[PDB]
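S.K.: The structure file entry24.pdb (PDB, C-alpha atoms) is provided below.
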MODEL        1
ATOM      1  CA  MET A   1       4.880  12.657   2.266  1.00  0.00           C
ATOM      2  CA  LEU A   2       2.527   9.810   1.060  1.00  0.00           C
ATOM      3  CA  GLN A   3       4.180   9.470  -2.405  1.00  0.00           C
ATOM      4  CA  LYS A   4       7.658   9.759  -0.751  1.00  0.00           C
ATOM      5  CA  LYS A   5       6.782   6.788   1.577  1.00  0.00           C
ATOM      6  CA  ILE A   6       5.623   4.756  -1.534  1.00  0.00           C
ATOM      7  CA  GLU A   7       8.942   5.793  -3.185  1.00  0.00           C
ATOM      8  CA  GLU A   8      11.094   4.806  -0.076  1.00  0.00           C
ATOM      9  CA  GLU A   9       9.457   1.282  -0.031  1.00  0.00           C
ATOM     10  CA  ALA A  10       9.023   0.809  -3.859  1.00  0.00           C
ATOM     11  CA  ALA A  11      12.589   2.217  -4.576  1.00  0.00           C
ATOM     12  CA  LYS A  12      14.353  -0.583  -2.626  1.00  0.00           C
ATOM     13  CA  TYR A  13      13.049  -3.424  -4.864  1.00  0.00           C
ATOM     14  CA  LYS A  14      15.402  -5.872  -3.020  1.00  0.00           C
ATOM     15  CA  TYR A  15      12.756  -5.663  -0.199  1.00  0.00           C
ATOM     16  CA  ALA A  16      10.386  -7.520  -2.468  1.00  0.00           C
ATOM     17  CA  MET A  17       7.667  -8.525   0.066  1.00  0.00           C
ATOM     18  CA  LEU A  18       7.379  -4.958   1.537  1.00  0.00           C
ATOM     19  CA  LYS A  19       7.062  -3.187  -1.830  1.00  0.00           C
ATOM     20  CA  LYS A  20       4.597  -6.039  -2.782  1.00  0.00           C
ATOM     21  CA  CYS A  21       2.686  -4.989   0.460  1.00  0.00           C
ATOM     22  CA  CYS A  22       2.610  -1.555  -1.320  1.00  0.00           C
ATOM     23  CA  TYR A  23       1.264  -3.289  -4.382  1.00  0.00           C
ATOM     24  CA  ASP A  24      -1.306  -5.258  -2.234  1.00  0.00           C
ATOM     25  CA  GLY A  25      -2.525  -1.732  -1.276  1.00  0.00           C
ATOM     26  CA  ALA A  26      -2.301  -0.593  -4.958  1.00  0.00           C
ATOM     27  CA  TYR A  27      -4.679  -3.375  -6.355  1.00  0.00           C
ATOM     28  CA  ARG A  28      -7.697  -1.118  -5.367  1.00  0.00           C
ATOM     29  CA  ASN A  29     -10.534  -3.218  -6.784  1.00  0.00           C
ATOM     30  CA  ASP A  30     -12.071  -4.038  -3.328  1.00  0.00           C
ATOM     31  CA  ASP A  31     -13.433  -0.418  -2.815  1.00  0.00           C
ATOM     32  CA  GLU A  32     -14.398  -1.224   0.868  1.00  0.00           C
ATOM     33  CA  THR A  33     -12.025  -0.666   3.926  1.00  0.00           C
ATOM     34  CA  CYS A  34      -8.401  -1.572   2.983  1.00  0.00           C
ATOM     35  CA  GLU A  35      -7.085  -0.899   6.559  1.00  0.00           C
ATOM     36  CA  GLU A  36      -9.408  -3.662   7.979  1.00  0.00           C
ATOM     37  CA  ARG A  37      -7.902  -5.995   5.350  1.00  0.00           C
ATOM     38  CA  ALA A  38      -4.403  -4.654   6.351  1.00  0.00           C
ATOM     39  CA  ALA A  39      -5.295  -5.355   9.984  1.00  0.00           C
ATOM     40  CA  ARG A  40      -5.376  -8.942   8.534  1.00  0.00           C
ATOM     41  CA  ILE A  41      -2.147  -8.127   6.496  1.00  0.00           C
ATOM     42  CA  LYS A  42      -0.086  -8.220   9.636  1.00  0.00           C
ATOM     43  CA  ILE A  43       3.286  -9.242   8.017  1.00  0.00           C
ATOM     44  CA  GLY A  44       5.283  -6.183   9.287  1.00  0.00           C
ATOM     45  CA  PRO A  45       5.243  -2.398  10.355  1.00  0.00           C
ATOM     46  CA  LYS A  46       6.869  -1.398   7.012  1.00  0.00           C
ATOM     47  CA  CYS A  47       4.319  -3.666   5.224  1.00  0.00           C
ATOM     48  CA  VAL A  48       1.289  -1.828   6.778  1.00  0.00           C
ATOM     49  CA  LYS A  49       3.035   1.556   6.014  1.00  0.00           C
ATOM     50  CA  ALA A  50       3.729   0.600   2.310  1.00  0.00           C
ATOM     51  CA  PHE A  51       0.130  -0.828   2.129  1.00  0.00           C
ATOM     52  CA  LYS A  52      -1.547   2.257   3.737  1.00  0.00           C
ATOM     53  CA  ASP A  53       0.227   4.952   1.588  1.00  0.00           C
ATOM     54  CA  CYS A  54      -0.239   2.915  -1.635  1.00  0.00           C
ATOM     55  CA  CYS A  55      -3.977   2.333  -0.686  1.00  0.00           C
ATOM     56  CA  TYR A  56      -4.513   6.140  -0.140  1.00  0.00           C
ATOM     57  CA  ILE A  57      -3.046   7.068  -3.607  1.00  0.00           C
ATOM     58  CA  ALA A  58      -4.867   4.063  -5.182  1.00  0.00           C
ATOM     59  CA  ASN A  59      -8.221   5.101  -3.523  1.00  0.00           C
ATOM     60  CA  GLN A  60      -7.815   8.753  -4.690  1.00  0.00           C
ATOM     61  CA  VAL A  61      -7.065   7.648  -8.330  1.00  0.00           C
ATOM     62  CA  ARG A  62     -10.046   5.147  -8.048  1.00  0.00           C
ATOM     63  CA  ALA A  63     -12.240   8.144  -6.955  1.00  0.00           C
ATOM     64  CA  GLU A  64     -11.168   9.663 -10.339  1.00  0.00           C
ATOM     65  CA  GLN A  65     -11.098   6.448 -12.533  1.00  0.00           C
TER
ENDMDL
END
Turn this file's structure into C-alpha cells for me.
M.R.:
Amino acid sequence: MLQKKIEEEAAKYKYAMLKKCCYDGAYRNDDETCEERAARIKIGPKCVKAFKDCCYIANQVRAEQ
C-alpha cells in the first residue's frame, strides 16, 4: 500500500508539487519527526499523503543506511 501510494503520486509527474511533497518526505536527513514538519507542510491533502508514505520508506531505508 505505502509504495503504491508513492507510485500513484510519483507516477503522475505532471503534478509536480505533489510528487515533490513526496520528495520533501524522501530527503530523510532530519532524522527527527517528519509529520510535525509536515504539519507545517500544509500545502494539500495529497501533499501530506505523498510526504507521509515517502517519509516512511525513507525512514526505514535510513534505519538500514
S.K.: Measure the distance from atom CA of residue A:41 to atom CA of residue A:63 in Å and round it to one decimal.
M.R.: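 Between atom CA of residue A:41 and atom CA of residue A:63 the gap works out to 23.4 Å.
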S.K.: Which of these residues is nearest to residue A:6, using only C-alpha atoms: A:24, A:65, A:48, A:53?
M.R.: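 For residue A:6, the nearest of the candidates is A:53.
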S.K.: Running the PyMOL selection byres ((chain A and resi 56) around 12) on this model by hand, what would come out? Give it as a PDB file with C-alpha atoms, in the coordinates of the input.
M.R.:
ATOM      1  CA  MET A   1       4.880  12.657   2.266  1.00  0.00           C
ATOM      2  CA  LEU A   2       2.527   9.810   1.060  1.00  0.00           C
ATOM      3  CA  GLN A   3       4.180   9.470  -2.405  1.00  0.00           C
ATOM      4  CA  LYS A   5       6.782   6.788   1.577  1.00  0.00           C
ATOM      5  CA  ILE A   6       5.623   4.756  -1.534  1.00  0.00           C
ATOM      6  CA  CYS A  22       2.610  -1.555  -1.320  1.00  0.00           C
ATOM      7  CA  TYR A  23       1.264  -3.289  -4.382  1.00  0.00           C
ATOM      8  CA  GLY A  25      -2.525  -1.732  -1.276  1.00  0.00           C
ATOM      9  CA  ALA A  26      -2.301  -0.593  -4.958  1.00  0.00           C
ATOM     10  CA  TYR A  27      -4.679  -3.375  -6.355  1.00  0.00           C
ATOM     11  CA  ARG A  28      -7.697  -1.118  -5.367  1.00  0.00           C
ATOM     12  CA  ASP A  31     -13.433  -0.418  -2.815  1.00  0.00           C
ATOM     13  CA  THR A  33     -12.025  -0.666   3.926  1.00  0.00           C
ATOM     14  CA  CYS A  34      -8.401  -1.572   2.983  1.00  0.00           C
ATOM     15  CA  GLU A  35      -7.085  -0.899   6.559  1.00  0.00           C
ATOM     16  CA  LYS A  49       3.035   1.556   6.014  1.00  0.00           C
ATOM     17  CA  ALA A  50       3.729   0.600   2.310  1.00  0.00           C
ATOM     18  CA  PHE A  51       0.130  -0.828   2.129  1.00  0.00           C
ATOM     19  CA  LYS A  52      -1.547   2.257   3.737  1.00  0.00           C
ATOM     20  CA  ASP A  53       0.227   4.952   1.588  1.00  0.00           C
ATOM     21  CA  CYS A  54      -0.239   2.915  -1.635  1.00  0.00           C
ATOM     22  CA  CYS A  55      -3.977   2.333  -0.686  1.00  0.00           C
ATOM     23  CA  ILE A  57      -3.046   7.068  -3.607  1.00  0.00           C
ATOM     24  CA  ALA A  58      -4.867   4.063  -5.182  1.00  0.00           C
ATOM     25  CA  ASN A  59      -8.221   5.101  -3.523  1.00  0.00           C
ATOM     26  CA  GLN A  60      -7.815   8.753  -4.690  1.00  0.00           C
ATOM     27  CA  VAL A  61      -7.065   7.648  -8.330  1.00  0.00           C
ATOM     28  CA  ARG A  62     -10.046   5.147  -8.048  1.00  0.00           C
ATOM     29  CA  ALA A  63     -12.240   8.144  -6.955  1.00  0.00           C
TER      30      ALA A  63
END
S.K.: As an exercise, work out the distance from atom CA of residue A:36 to atom CA of residue A:14 in Å and give it to one decimal place.
M.R.: 27.2 Å
S.K.: Hey, can you check how far atom CA of residue A:47 sits from atom CA of residue A:29?
M.R.: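 The value is 19.1 Å.
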S.K.: Using the file's own x, y and z axes, what box holds all listed atoms of stretch 1-20 of chain A with 5 Å on each side, keeping edges along x, y and z, and what are its centre and edge lengths in Å to one decimal, as lines of an AutoDock Vina configuration file?
M.R.:
center_x = 9.0
center_y = 2.1
center_z = -1.3
size_x = 22.9
size_y = 31.2
size_z = 17.1
